[PDB]
Amino acid sequence: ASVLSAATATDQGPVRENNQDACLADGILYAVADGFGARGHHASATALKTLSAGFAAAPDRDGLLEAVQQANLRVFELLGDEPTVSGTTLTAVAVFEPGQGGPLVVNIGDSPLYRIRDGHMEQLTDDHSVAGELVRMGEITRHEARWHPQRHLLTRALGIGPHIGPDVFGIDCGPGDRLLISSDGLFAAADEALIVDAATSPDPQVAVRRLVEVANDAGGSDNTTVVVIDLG
Ligand SMILES: C[As](C)(=O)[O-]
Ligand SMILES: [Mn+2]
Ligand SMILES: [Mn+2]
Ligand SMILES: [Mn+2]
């Protein structure tokens, strides 16, 4: 697997007063960060700026994991003394060559990574939210979790303490696969079938536009940000 094509889109949506999502798509590194709190936009932007500088200076598995740690520390040092809590999720994919261990995902919070293969979209990451933990534990299905009242309550977040333990795992993927990283806004309310239809648009630049349109037409209750990566 190498990168054939990639695209990104971010949209405030019609409801939220600002856009606190951020995204990154540079070389082999792709990421979404969904900020929260009064300065969530400062948190997501700061996390991705820190991730990208850290990875650029050490572009391997260890360098990536360390950049994630530095992003946590930088957002925390900047925002940690504010009267209220702001922080961010982070989901990052590094499309490493085989000599570097192949594609790797690092995730903290509820911004999912999906693999799209033969028209079928499968979530690869676990969601660190109250509902997401119930799914992980096998207590409820993803369908049953859809309208869980604590769906949006994070159980892990970047930038809120000196200590973060992200999930870090190798991606089962190869030539012809598509990866999608998104903030949770995409799945706020839209019909899953309409999402999959948009997510499978052959041109990734069309896919990201259609994904934002699907989320907004479904009500646009949240910011939506999407990164689409085609592998060859
Ligand atoms: C990660 As959020 C609580 O701003 O959707
Ligand atoms: Mn947010
Ligand atoms: Mn949310
Ligand atoms: Mn969100």
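Hydrogens, waters and symmetry mates are skipped; everything else that's a heavy atom, side chains included, is used. Residues: numbered from 1 along the sequence shown.
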Side chain to side chain contact (heavy atoms under 4.5 Å, CB included) assessment of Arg151 paired with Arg146: CA-CA 8 Å; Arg151 177 181 176 174; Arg146 194 184 182 186; 3.9 Å; yes

With a 3.5 Å cut-off and sequence neighbours excluded, list the donor-acceptor pairs that the side chains of residues 225-232 form with protein atoms.
from, atom 1, to, atom 2, distance (Å)
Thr225, OG1, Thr10, OG1, 2.6
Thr225, OG1, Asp21, OD2, 2.6
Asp230, OD1, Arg178, NE, 2.7
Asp230, OD1, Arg178, NH2, 3.4
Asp230, OD2, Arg178, NH2, 2.9

Quick one: are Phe76 and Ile160 in side-chain contact, heavy atoms under 4.5 Å? no

Heavy-atom distance under 4.5 Å between the side chains of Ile195 and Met121, does that happen here? yes

Hydrophobic cluster partners of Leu153 (side-chain heavy atoms under 4.5 Å): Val130

Verify side chain to side chain contact (heavy atoms under 4.5 Å, CB included) between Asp222 and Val15, making sure each step is shown before the conclusion. CA-CA 7 Å; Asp222 195 8; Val15 178; over 6 Å; no

May I ask you to test the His148-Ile140 pair for a side-chain heavy-atom distance under 4.5 Å? yes

Can you list every pair that meets side-chain hydrogen bond (donor to acceptor under 3.5 Å, both in side chains) and has a residue in residues 59-82, with sequence neighbours left out? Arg39-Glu82

hydrophobic_cluster_shared for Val168 and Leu24, side chain cutoff 4.5 Å: yes

Would a single hydrophobic cluster contain both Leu73 and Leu78, if residues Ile, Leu, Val, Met, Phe, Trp and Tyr are joined by side-chain heavy-atom contacts under 4.5 Å? no

Enumerate donor-acceptor pairs with a distance under 3.5 Å from any side-chain N or O in residues 103-113 to protein atoms, sequence neighbours excluded.
from, atom 1, to, atom 2, distance (Å)
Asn107, ND2, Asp126, O, 3.0
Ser111, OG, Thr89, OG1, 2.7

Minimum-distance pair of heavy atoms, taken over all atoms of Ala71 and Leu158: O-CD2, 3.7 Å

Hey, any chance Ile181 and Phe96 share a hydrophobic cluster, counting ILVMFWY side chains that come within less than 4.5 Å of each other, even indirectly? yes

Residues at least two apart in sequence or cross-chain that pass ring pair (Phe, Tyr, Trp, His ring centres under 6.0 Å) with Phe36, listed by chain then number, are none

Using side-chain heavy atoms (C-beta onward) and a distance below 4.5 Å, is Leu64 in contact with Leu29? yes

Taking C-beta and beyond as the side chain, do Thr125 and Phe169 meet within less than 4.5 Å on heavy atoms? yes

Short side-chain donor-acceptor distance under 3.5 Å, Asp34 and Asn223: no

First locate atom NE2 of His41, then atom OG of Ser86, and finally report the distance between them rounded to the nearest 0.5 Å. 8.5 Å

Between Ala218 and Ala189, which heavy-atom pair has the shortest distance, and what is it? O-CB, 3.9 Å

Does a side-chain heavy-atom distance below 4.5 Å link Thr50 with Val75? no

Sequence neighbours excluded, the answer for salt bridge (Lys or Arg N to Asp or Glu O under 4.0 Å) partners of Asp217 is none

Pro166 and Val68 have their tightest heavy-atom pair at CG-CG1, 4.3 Å

Does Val93 belong to the same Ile/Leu/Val/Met/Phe/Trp/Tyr cluster as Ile28, with side-chain heavy atoms less than 4.5 Å apart forming each link? yes

Side chain to side chain donor-acceptor pair (under 3.5 Å) partners for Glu122, two or more places apart: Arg115

State which residues pass side chain to side chain donor-acceptor pair (under 3.5 Å) with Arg117; sequence neighbours excluded, sorted by chain then number. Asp177

Inter- and intrachain pairs under salt bridge (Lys or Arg N to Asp or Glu O under 4.0 Å), touching residues 179-195, at least two apart: none

Same apolar cluster: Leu186 and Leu90, side chain cutoff 4.5 Å: no

Any residue meeting salt bridge (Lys or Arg N to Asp or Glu O under 4.0 Å) with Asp127, in chain and number order, not counting sequence neighbours: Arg142

So do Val3 and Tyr30 actually touch side chain to side chain, heavy atoms under 4.5 Å? yes

Taking distance alone, no hydrogens or angles, what donor-acceptor pairs closer than 3.5 Å link side-chain atoms of residues 204-215 to residues at least two apart or in another chain?
from, atom 1, to, atom 2, distance (Å)
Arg210, NH1, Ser201, OG, 2.9
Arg210, NH2, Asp197, OD2, 2.6

Polar side chain donor-acceptor pair, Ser44 to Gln20, under 3.5 angstrom: no

Parallel, tilted or perpendicular: which one describes the rings of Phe187 and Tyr114, with boundaries at 30° and 60°? parallel

Write out all pairs satisfying salt bridge (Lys or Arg N to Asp or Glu O under 4.0 Å) with one or both partners inside residues 153-169, taking only residues at least two apart or from two chains. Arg156-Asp167

